[PDB]
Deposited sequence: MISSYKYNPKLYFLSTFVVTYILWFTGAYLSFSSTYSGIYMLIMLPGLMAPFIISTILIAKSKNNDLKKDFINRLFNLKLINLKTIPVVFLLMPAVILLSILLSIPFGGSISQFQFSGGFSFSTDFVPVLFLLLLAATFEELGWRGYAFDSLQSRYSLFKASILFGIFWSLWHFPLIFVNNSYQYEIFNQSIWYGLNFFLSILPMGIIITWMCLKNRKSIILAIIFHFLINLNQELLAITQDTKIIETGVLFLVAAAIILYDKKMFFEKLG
């Protein structure tokens, strides 16, 4: 029931995050706004688990390490940092970024645990009931794009919560904000593809997601450079579709 999962996830995410967005500007109750955001983030995971509970392969993909293809380890570790530093290099012909290598941007230990927790709470849902529901009705290629769109529009309430990444980028420039929502599209394709190449291993998707977040924190870049990064992501997403195009369009 693909029509039920996403619409139910869409509404639960939207009720909790927009409530947390109201508290985020409240001068009285701002102290608790982050504990309302938590179930909002955890929604796709709990919805997915409930639908499954209401198969052994979900258990398998959760605990079976043998599903993982070790040939994809270099691309799991290295691709995002490579993309980031390439973006800085591509920036240089255009004005600025000489300073950027310095990586001036970026307590240090707990924020890791939070990033790993968010990568977990997201992928348990997306790599659970979510993408399987789409791939059953659709070709892999349009299932991945339908996922990319939903996942992008899933971040939509964050624009309205005080001091969030989505908030600040739109606060600064309309182009910085749109660039983010545009970048979720090829990002949803790359992570998805990586999951299939490792036999739908949810654990690997967690690691990959976590690694994408980590490198985006440690190796910080300006919003102007992130626009270039988005393009690099489209070129990588396009290249991946071409390499596995038979897999992408087969029925």
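Stretches with no C-alpha atoms in the model, relative to the deposited sequence starting at 1: Holes in the chain trace, numbered from 1: 1-7, 62-67, 120-124, 270-271.
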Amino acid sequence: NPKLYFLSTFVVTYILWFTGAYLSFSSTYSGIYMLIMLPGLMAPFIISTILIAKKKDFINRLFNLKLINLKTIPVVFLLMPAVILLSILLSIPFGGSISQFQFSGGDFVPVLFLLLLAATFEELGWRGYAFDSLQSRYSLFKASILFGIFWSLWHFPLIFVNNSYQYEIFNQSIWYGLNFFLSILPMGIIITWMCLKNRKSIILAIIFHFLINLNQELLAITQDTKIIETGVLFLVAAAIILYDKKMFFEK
From here on, numbers count along this sequence of modelled residues.
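Given 219-227 and 196-204, the range whose Cα B-factors average higher in the PDB entry: Per the PDB entry, the higher value belongs to 196-204.
Higher-B stretch (mean Cα B-factor, as the entry records it), 165-173 or 137-145: Per the deposited B-factors, the answer is 137-145.
Selection by C-alpha B-factor (highest) of 154, 180, 160, 108: That would be 108.
Top Cα B factor in the deposited entry, candidates 38, 185, 50, 190: That would be 50.
Residue 59, C-alpha B-factor rank within chain (lowest, middle or highest third): Highest third - that is where residue 59 ends up once the chain's C-alpha B-factors are sorted.
Third assignment of residue 67 from its chain's C-alpha B-factors: Tercile = highest for this residue's CA B-factor.
CA B-factor placement of residue 87, once the chain's modelled residues are sorted into thirds: Residue 87: CA B-factor falls in the lowest third of its chain.
Residue 118 - Cα temperature factor, lowest/middle/highest third of chain: CA B-factor rank for residue 118: lowest third.
Third of the chain, ranked by Cα B-factor, where residue 74 sits: Middle third, going by the recorded CA B-factors of the chain.
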